[PDB]
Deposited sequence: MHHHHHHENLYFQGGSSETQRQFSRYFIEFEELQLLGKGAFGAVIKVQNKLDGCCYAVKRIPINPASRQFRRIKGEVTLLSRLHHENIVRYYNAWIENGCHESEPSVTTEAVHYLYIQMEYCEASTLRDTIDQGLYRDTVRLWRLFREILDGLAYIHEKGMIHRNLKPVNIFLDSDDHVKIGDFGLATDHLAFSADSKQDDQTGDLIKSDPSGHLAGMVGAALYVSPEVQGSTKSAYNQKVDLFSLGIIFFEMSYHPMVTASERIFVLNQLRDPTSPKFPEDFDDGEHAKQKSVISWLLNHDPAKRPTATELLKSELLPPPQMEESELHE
């Protein structure tokens, strides 16, 4: 319907149970967007659940959160969510391209993830799914948090599970690309406990704080910005 008429599909960005995310181009305004396509039944319990994401995103306005544009339902079957398309890399790709050498950049991008966490936490939300493929960089190199592997998830509920994820993400941002999985799995599992040898005093302090098993002993996003471990 509307989607096949008004847009041209460009690239599949992601595929799962959640449905699909497709990079599209609006034929009229000529811009690129990131559109989430979710299968749906009208007037259902699961419908009212997923529409919740739409009413959430339509009220987020932060420079470090993926902009919302529109949401609609087509033939019964499908819910489409139209969001800004961030042109540059995923944080994932940015990290693997040697982000770790670029410390002034690395601390800006961290502080930008934190500003995005604090905003959505102040609005009552929990992300639940923060990880490097769900963080985006725009054409000015600014962080934008989105959402469409067990190693980003808190052992344990509450908002501080996002700050555990962030601790894993920030370690990866601060360290060299781990090209093999078995290296990733080893180094990351040894941040969960009661750190690799080629490790950065202030980086280390921040991560240890965020990787506390007990969420009560982790900081809030606003706590950490106000902490003097950043500059």
query	finding
Sequence order list of spans that the model leaves without C-alpha positions, deposited numbering	1-23, 99-111, 185-220, 229-236, 275-278, 284-287, 320-330
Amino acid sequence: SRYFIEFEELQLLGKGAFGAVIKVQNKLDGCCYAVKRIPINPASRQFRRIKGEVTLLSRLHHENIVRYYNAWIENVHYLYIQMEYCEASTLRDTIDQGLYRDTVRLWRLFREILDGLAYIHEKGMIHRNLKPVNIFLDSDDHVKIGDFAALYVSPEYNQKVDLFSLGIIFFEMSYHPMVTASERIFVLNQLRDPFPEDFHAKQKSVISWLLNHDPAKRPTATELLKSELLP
From here on, numbers count along this sequence of modelled residues.
| property | result |
| --- | --- |
| Stretch with the greater mean C-alpha B-factor as recorded in the entry, comparing 119-127 against 90-98 | 90-98 |
| 44-52 versus 160-168 - greater average Cα B-factor per the deposited record | 44-52 |
| Out of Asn64, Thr180, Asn26, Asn70, highest CA B-factor residue | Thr180 |
| Third of the chain, ranked by Cα B-factor, where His142 sits | lowest |
| Third of the chain, ranked by Cα B-factor, where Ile22 sits | middle |
| Assigned third (lowest, middle, highest) for the C-alpha B factor of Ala150 | highest |
| Chain-relative CA temperature factor third for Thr222 | lowest |
| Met83 - which third its CA temperature factor falls in, relative to the rest of the chain | lowest |
